[PDB]
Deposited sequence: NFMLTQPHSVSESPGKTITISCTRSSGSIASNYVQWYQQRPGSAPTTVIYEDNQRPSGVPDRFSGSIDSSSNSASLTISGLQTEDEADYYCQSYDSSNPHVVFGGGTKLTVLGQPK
């Protein structure tokens, strides 16, 4: 899958950031995740409860294959040359 779940703030920054190319992924994730992120460049209270959690991630591939003749030709080209003038 593609869980692109990122609450990110971007200032004036002409670039490319995340770039994924020619990647193969296959796995299982079971996560109980708690985060308090505080950035201050008055009272703060954080309460997080997960309680009883049952996370199951099962992947089964019972395959059989004869002659494959596999040719995995993955070519990736990425060019990023921004031209930014501030005035």
Quick one: where does the model skip the deposited sequence?
-> 42-58, 105-116
